[PDB]
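*Asks:* Protein chains in written order, with the deposited numbering: chain BL, 2 to 123; chain BQ, 58 to 141; chain BP, 1 to 81; chain BD, 2 to 200; chain BE, 151 to 308; chain BH, 3 to 65, 74 to 134. My structure is below; once you've seen it, I'll send some questions.
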Amino acid sequence: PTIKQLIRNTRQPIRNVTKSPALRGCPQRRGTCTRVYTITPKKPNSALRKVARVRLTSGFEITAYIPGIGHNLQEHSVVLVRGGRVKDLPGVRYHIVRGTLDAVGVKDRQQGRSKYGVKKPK
Amino acid sequence: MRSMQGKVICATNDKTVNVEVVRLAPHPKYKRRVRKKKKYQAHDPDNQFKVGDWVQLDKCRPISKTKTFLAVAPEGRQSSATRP
Amino acid sequence: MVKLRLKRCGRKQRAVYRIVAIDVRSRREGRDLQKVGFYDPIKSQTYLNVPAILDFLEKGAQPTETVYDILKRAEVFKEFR
Amino acid sequence: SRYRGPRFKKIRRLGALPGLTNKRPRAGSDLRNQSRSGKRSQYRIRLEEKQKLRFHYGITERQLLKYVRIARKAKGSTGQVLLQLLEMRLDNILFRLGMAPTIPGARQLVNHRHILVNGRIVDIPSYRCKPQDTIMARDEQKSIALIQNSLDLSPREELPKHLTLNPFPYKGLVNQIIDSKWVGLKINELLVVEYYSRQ
Amino acid sequence: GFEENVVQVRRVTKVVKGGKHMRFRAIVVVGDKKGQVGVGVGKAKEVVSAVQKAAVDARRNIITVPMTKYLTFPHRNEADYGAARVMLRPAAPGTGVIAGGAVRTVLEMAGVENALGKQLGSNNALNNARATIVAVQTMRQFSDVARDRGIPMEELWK
Amino acid sequence: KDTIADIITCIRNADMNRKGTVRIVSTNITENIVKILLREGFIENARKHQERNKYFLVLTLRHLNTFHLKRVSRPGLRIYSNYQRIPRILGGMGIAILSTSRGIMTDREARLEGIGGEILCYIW
RNA sequence: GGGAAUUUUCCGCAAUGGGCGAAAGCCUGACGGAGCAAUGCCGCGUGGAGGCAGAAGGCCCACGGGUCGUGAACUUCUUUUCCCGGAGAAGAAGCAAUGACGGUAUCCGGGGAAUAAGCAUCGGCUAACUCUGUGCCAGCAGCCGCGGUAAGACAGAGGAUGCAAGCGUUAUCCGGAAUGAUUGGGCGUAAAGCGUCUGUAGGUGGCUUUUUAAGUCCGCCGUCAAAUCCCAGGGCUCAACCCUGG
Ligand SMILES: [Mg+2]
Ligand SMILES: [Mg+2]
Ligand SMILES: [Mg+2]
Ligand SMILES: [Mg+2]
Ligand SMILES: [Mg+2]
Ligand SMILES: [Mg+2]
Ligand SMILES: [Mg+2]
Ligand SMILES: [Mg+2]
Ligand SMILES: [Mg+2]
Ligand SMILES: [Mg+2]
Ligand SMILES: [Mg+2]
Ligand SMILES: [Mg+2]
Ligand SMILES: [Mg+2]
Ligand SMILES: [Mg+2]
Ligand SMILES: [Mg+2]
Ligand SMILES: [Mg+2]
Ligand SMILES: [Mg+2]
Ligand SMILES: [Mg+2]
Ligand SMILES: [Mg+2]
Ligand SMILES: [Mg+2]
């Protein structure tokens, strides 16, 4: 458009759409779990996927996902949350870390062993 | 070049005349020369100036708050009234 | 007061100094206005431009202990006065 | 920071590497697996051309990618200037003279303090030898034997023009800068530059 | 008589009563590596026959590319073909051929070994590839400028 | 409005319709611009006449290339350049008509003269 | 204590610098050093060469074989590193003496392959594949989306690819993104022309000859510290890095 219109600052950038407001920019964040449960995913897929309602120390009440097979978590447990969203579950936008404060590594797991906090066999 | 010219609008006050200065400078993003405006306050102890006149400014030690210039006559002009 | 001393700039356990004239109250790595030499103890090399140094000493610049020794090995004082 | 693995496993798939070892593969194993592989993607072709440099010189991607920056800074034929940096490595020069049967074998001789350059020991296989640089062994009979065994127990390949040899010290000398056509490996340098276009 | 390469293969459908006729759409580029660039499109029920038709259609239209002594373009030029705009510039020796997928092959098969290009419009290989041909046809050597301008080549280098 | 903005177009449209004559307006600036295209070999001939006190000029175009043109410095945005940033259109196949204190000349003639100026239009 | 998370309640004023003193000297948690951490960058290892034929073992098979595999075993060669035993600084400027670091770097001798590789990925983007198990279950996933009894997309196994004392995940910024398009986009129908007109400020503005030189162009002067970036040169065994000059 006309250069006089440009001097009016007709153009501006677009602001960030960051996908983890609860972490407040930090990579991870601790939180106590309030209620463990499962939920049915979107229509094409079908499973009982595991989740956990967490109270982070940053002043945010959110829910996360339980990756891996099997878990020992229950109410009043201290977990460690990271980013990453699960598309199949709407509303879930966080994952917990296995091999941490209270979440233990996945039993009987060899391949992709660092993504779940599991000691190497010896 | 060195000093700033200006128009001498609002010359009502005593021993002082408000002065409007104009300059052109390119826009940094688009490189177009825009006419900007800025006012100042000067003093003429003889009160030899009035509204409608053309005046030049000079630097001097401060006389009061916001009045830190001196009004003098212009140096280079182009009257040239009816030359062949 | 103006003073002729030397600042450190180099690697750990490898000292490589440079002579410079700066104010006293300024820190070791202060703003410089004229660099007037270079020196290290290991290689023992020295350029030590004399025309700039005499300009400050005439104006009341006081060398330090070692800079006095560096200039002492040079014959700058005999031409300074 | 080193391969420490089998080399024929890659030579069947990669190509030919006289620098690594003059030995050759034995078996054209199976027509089945060749039918399994079949064609190749363009990214794979540019990839395999890069891997040949990782073996012929014994270099890492970090160590290699640094040389890419030096070539980009250098004006003219960034692909050619890359080989000028690799061929001038000490590990290649001691090999092309014939003082070792394999470049990994030459890399070991450099690491255990058996060679000196211009009268000084060099414990860096990645040392860049400049023009008019002398390369001699040490005075120990162990050091002298290893190079002497390499120059005596097998035939010798014809040397380049930019390398000499004085058999009385069993030493060498670098004359000038290499030409891109005297590389000891059939290369298509342009594909390598196309691979690092992203980085 | 020379080689060819498939730039793209794509299945197209039909909505006949009983079902759908899934037939292939093959885009083939032909180049001797020494000029003689050709772009063609073919279509058939089978994959092999589609490639053959595109080969004839590509050989049906061949054009030489102007190159310099160092196998580069004489100068930059842009072109458009529908919603497909393609950019081209010369390059230094040893720079290599770098461009999009549809643009890399038609230049790689042409013979230019040092150049660079970027496509600013649609991602269609066909519309982008044809734009390259429109870009190269509109470029010439310095000698062609001299004869059409009446000034020698050395006088223009200044 | 900008005369030269119209001058560059009347020559452009003539090549799209592929005509020989232009009947372009005559001014102190255009006579210098056209004079460069004669020596540079872009136009075969030029010729002057009049119908009123005003004046005009008649050009003679050449008979798959195209006579490309482009304006650079506009009234809404003037563009100047120093000596070190004098352009080089297409490695020399094109030229730039720019106004110096010593009148208008070609960029090549400015490279020898050692003085930059106001680029007005590129040619290729 | 908070937090996902960031260090010894150390040695010394030997050097550098600062304050006091005529001087000797005093003080200096500044500073110079050590220690902890793969936090990052750089560099070197975790063996070289040869290894005829054949065998055990793992996986796969059209059951003939193929692959892991010259890999291993084995034979010689070497010792960065490792262990043992000696020698041993520069840094100090100032006749001599004056060293926290420090018996530190470094050098010589002996022993001997002996002390040393793991992490992710293998549906397409994207380099790299089969088998078993499971049966829209358990679960994967950055996007498209895979799994409902022969799953190259889940888990295990073998094999392969890409990295390498690192490898991956997450978070933050830029790029890709011409997706705010000065360079470099558009408004008939895809998002976009006020319902229309008159007009203030503002923006731009026909031709010709002069004036001035604000903008603009050229030549000189001063300045935009040093460090960093760029080019060259030199010094640490190379590199990172340090230094000189421009
Ligand atoms: Mg007063
Ligand atoms: Mg490393
Ligand atoms: Mg693009
Ligand atoms: Mg005008
Ligand atoms: Mg002290
Ligand atoms: Mg002191
Ligand atoms: Mg005390
Ligand atoms: Mg860590
Ligand atoms: Mg071996
Ligand atoms: Mg693939
Ligand atoms: Mg997985
Ligand atoms: Mg199955
Ligand atoms: Mg799997
Ligand atoms: Mg942008
Ligand atoms: Mg625009
Ligand atoms: Mg748009
Ligand atoms: Mg509509
Ligand atoms: Mg609409
Ligand atoms: Mg109006
Ligand atoms: Mg500076």
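Here a beta-carbon is modelled for each residue, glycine too, at the ideal position from N, C-alpha and C.
1. Quick one: what's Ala194 (chain BE) bridged to in DSSP?
2. Taking the straight line between their C-alpha atoms, what separation do you get for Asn15 (chain BH) and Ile133 (chain BH)?
3. Give the C-beta separation of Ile136 (chain BD) and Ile116 (chain BD) to the nearest angstrom, bearing in mind that I take them to be a contact with Cβ-Cβ under 8 angstroms.
4. Say yes only if the C-beta of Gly113 (chain BL) is nearer than 7 angstroms to one or more non-hydrogen atoms of ligand 11, and no if none qualify.
5. Straight-line CA distance for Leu95 (chain BD) to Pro41 (chain BP)?
6. Could you say which of BH:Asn34, BH:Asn92 and BH:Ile38 lies nearest to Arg299 (chain BE) if we only look at CA atoms?
7. Less than 8 angstroms between C-beta atoms, sequence neighbours within five positions excluded: which residues of the same chain meet that for residue 201 (chain BD)?
8. Any beta carbon of chain BL sitting closer than 8 angstroms to that of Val79 (chain BQ)?
9. With 16 as the cutoff for other CB atoms within 10 Å, does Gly113 (chain BL) come out buried or exposed?
10. Give the straight-line distance between the Cα atoms of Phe77 (chain BH) and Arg290 (chain BE), rounded to the nearest whole angstrom.
11. Rounded to a whole number of angstroms, what is the C-alpha to C-alpha distance between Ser42 (chain BD) and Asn155 (chain BE)?
12. Just to make sure I have the definition right: I need the residues of chain BE whose C-beta is within less than 9 angstroms of the C-beta of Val194 (chain BD). Which are they?
13. For a quick check, are the C-beta atoms of residue 100 (chain BP) and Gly10 (chain BP) less than 8 angstroms apart?
14. Could you give the residue range of the beta strand (DSSP E) that holds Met18 (chain BH)?
15. Cβ closer than 8 angstroms: which chain BD residues qualify as neighbours of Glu263 (chain BE)?
16. Report all residues from its chain with a CB closer than 6 angstroms to the CB of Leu81 (chain BQ); omit the five preceding and five following residues, and keep chain order.
17. Please return the same chain residues whose Cβ sits closer than 8 angstroms to the Cβ of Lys20 (chain BL), not counting the five positions on each side in sequence.
18. Mind reading off the beta-carbon distance from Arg84 (chain BH) to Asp4 (chain BH)? Whole number of angstroms is fine, and I expect it under 8 angstroms.
19. Let me know the alpha helix (DSSP H) ranges lying completely inside the segment 131-183 of chain BD, each 4 residues or longer, listed in chain order.
20. Mark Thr46 (chain BP) as exposed unless 16 or more other C-beta atoms lie within 10 angstroms of its C-beta, in which case mark it buried.
21. Would you please verify whether the beta carbon of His84 (chain BQ) is less than 8 angstroms from any beta carbon of chain BL?
22. Kindly list the residues whose CB is nearer than 8 angstroms to the CB of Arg8 (chain BD), restricted to its own chain and excluding five residues on each side of it in sequence; keep chain order.
23. Tell me the residue span of the alpha helix (DSSP H) that contains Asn75 (chain BH).
24. Among BP:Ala15, BP:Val16 and BP:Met1, which one has its Cα closest to the Cα of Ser26 (chain BP)?
25. With a threshold of 16 other CB atoms inside 10 Å of the CB of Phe126 (chain BQ), please say whether the residue is buried or exposed.
26. Kindly list the residues whose CB is nearer than 6 angstroms to the CB of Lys50 (chain BH), restricted to its own chain and excluding five residues on each side of it in sequence; keep chain order.
27. How about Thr64 (chain BL) and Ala48 (chain BL): do their beta carbons lie closer than 8 angstroms?
28. Report yes if the C-beta of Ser47 (chain BL) is less than 7 angstroms from at least one heavy atom of ligand 2; otherwise report no.
29. Per DSSP, which residues does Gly63 (chain BQ) bridge with? Please list them.
30. Using only the alpha-carbon positions, how far apart do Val180 (chain BE) and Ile89 (chain BH) sit?
31. What residue from BE:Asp182, BE:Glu228 and BE:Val162 has the CA that sits closest to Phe174 (chain BE)'s CA?
32. Name, please, each residue of chain BH whose Cβ falls closer than 7 angstroms to the Cβ of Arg89 (chain BQ).
33. Going by beta-carbon coordinates alone, are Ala208 (chain BE) and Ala176 (chain BE) separated by less than 8 angstroms?
34. Distance check for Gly127 (chain BH) and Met58 (chain BQ), CA to CA, integer angstroms please.
35. Looking at chain BE, is there any beta carbon in it that lies within less than 8 angstroms of the beta carbon of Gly77 (chain BD)?
36. Here's the rule: buried if 16 or more other CB atoms are within 10 angstroms of the residue's CB, otherwise exposed. What is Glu190 (chain BD)?
*Replies:* Per the coordinate set shown:
1. BE:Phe174
2. 15 angstroms
3. Sure, about 7 angstroms apart at Cβ, within 8 angstroms.
4. yes
5. 38 angstroms
6. The shortest Cα separation from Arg299 (chain BE) among BH:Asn34, BH:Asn92 and BH:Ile38 belongs to BH:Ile38.
7. It is not possible to answer for residue 201 (chain BD), since the shown part of chain BD is limited to 2 through 200.
8. no
9. exposed
10. Approximately 14 angstroms between the Cα atoms of the pair.
11. 12 angstroms
12. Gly244, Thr245, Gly246 and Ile248
13. Look at the range of chain BP in this structure, 1 to 81, and you will see that residue 100 (chain BP) is not part of it.
14. Careful: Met18 (chain BH) lies outside any beta strand (DSSP E), inside the alpha helix (DSSP H) at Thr5 to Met18.
15. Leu191
16. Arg90 and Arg92
17. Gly84, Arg86 and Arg94
18. 7 angstroms
19. 142-153
20. exposed
21. yes
22. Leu18, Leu21, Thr22 and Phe56
23. It is not in any alpha helix (DSSP H) - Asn75 (chain BH) carries neither H nor E in the DSSP assignment.
24. Comparing Cα-Cα distances from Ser26 (chain BP) to each of BP:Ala15, BP:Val16 and BP:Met1, the minimum goes to BP:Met1.
25. With 16 or more other Cβ atoms from the protein chains shown falling within 10 Å of its own Cβ, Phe126 (chain BQ) counts as buried.
26. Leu59
27. no
28. No, the beta carbon of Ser47 (chain BL) sits no closer than 7 angstroms to any heavy atom of ligand 2.
29. Looking at the DSSP output, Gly63 (chain BQ) shares a beta bridge with BQ:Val112.
30. 45 angstroms
31. BE:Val162
32. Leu87
33. no
34. Their backbone Cα atoms lie some 22 angstroms apart in a straight line.
35. yes
36. buried
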